[PDB]
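What follows is a single chain, given as structure tokens, in the form deposited without the ligand.
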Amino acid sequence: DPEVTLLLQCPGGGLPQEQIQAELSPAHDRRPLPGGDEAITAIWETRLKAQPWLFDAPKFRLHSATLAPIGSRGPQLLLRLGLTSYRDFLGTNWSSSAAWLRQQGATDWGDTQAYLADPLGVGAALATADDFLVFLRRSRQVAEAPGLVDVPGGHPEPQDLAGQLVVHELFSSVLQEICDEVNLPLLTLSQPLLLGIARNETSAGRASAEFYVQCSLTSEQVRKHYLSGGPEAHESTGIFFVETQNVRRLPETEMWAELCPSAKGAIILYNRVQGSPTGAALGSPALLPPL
């Protein structure tokens, strides 16, 4: 799977909100482009003169994420974040020249990402009461990953002493994206656990935080809520469910070639962090069948 790389695998089965610190600093921003940010402004002007209803939005930028020594007390993860925008994404990661910008960043800064917007995504491994994960089908008419399978998620918009409010917005945003697209009541969802961070090498290395969320509704009840919104209540074109039993071997299935990179990252981290038991009971052959 060359189109996804793991940047972070969380310990303890995943981290709760209270164990994460954020540092939001202009030191974590994209570097100005070598020949100037006028190249971004030109791409944006061309796009608005074809689609004048488009609008810019702020985004968080991922610089890096440092895990504490395993088994330690106190905060377990430090997220170093800057600020970026949808406009800067279109002019860098989404540009035909994105690979040239990665090479220039290695040369100038020793950092393949230094010239890339790198907006932070969120995604969820969303489990039902009857032990299935939730999958969504993308429209065949959108620009990114048309017709592919995704999981619930999105790219959160901004608004440890500004830090804790940023971590709160990240955790809040993955629940809001589940309520907006799957049409589930907020009170049927668990507090999220962070499983890790995955990079999309098809989008010049932009990263997504991948979370585990449990729902108190069955697969049948989740399906009814999604469909009862009607076609205008969701961007996806369909919902479907895979038993958690079967997610273990998903990379060996024909479904794997249909998954978009950020959804592949969610399922790899689910299998490594929530699956893959370490104890004698769940690791016994009848409960963890060999192969």
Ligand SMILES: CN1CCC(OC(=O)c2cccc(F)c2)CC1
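Don't overthink the numbering: it's just position in the shown sequence, from 1.
One more form of this protein exists, namely the form solved in complex with the ligand; it is left out here, but the text below deals with it.
Tell me, out of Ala27, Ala42, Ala50, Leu54, which residue has a non-hydrogen atom within 4.5 angstroms of the ligand in the deposited bound form.
The residue in contact is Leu54.
Which residue among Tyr212, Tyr86, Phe171, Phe132 has a heavy atom within 4.5 angstroms of the ligand in the deposited bound form?
Flagged contact: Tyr86.
Although the partner isn't part of this model, could you tell me whether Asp111 comes within 4.5 Å of the ligand in the deposited bound form, counting any heavy atom of the residue?
Residue-level check for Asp111: no, no contact with the ligand.
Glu201: heavy atom within 4.5 Å of the ligand in the deposited bound form?
Looking in the deposited bound form, residue contacts with the ligand do not include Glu201, since no heavy atom lies within 4.5 Å.
Please check if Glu157 has a heavy atom lying within 4.5 Å of any heavy atom of the ligand in the deposited bound form.
It does: once the ligand is placed as it appears in the deposited bound form, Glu157 has a heavy atom within 4.5 Å of it.
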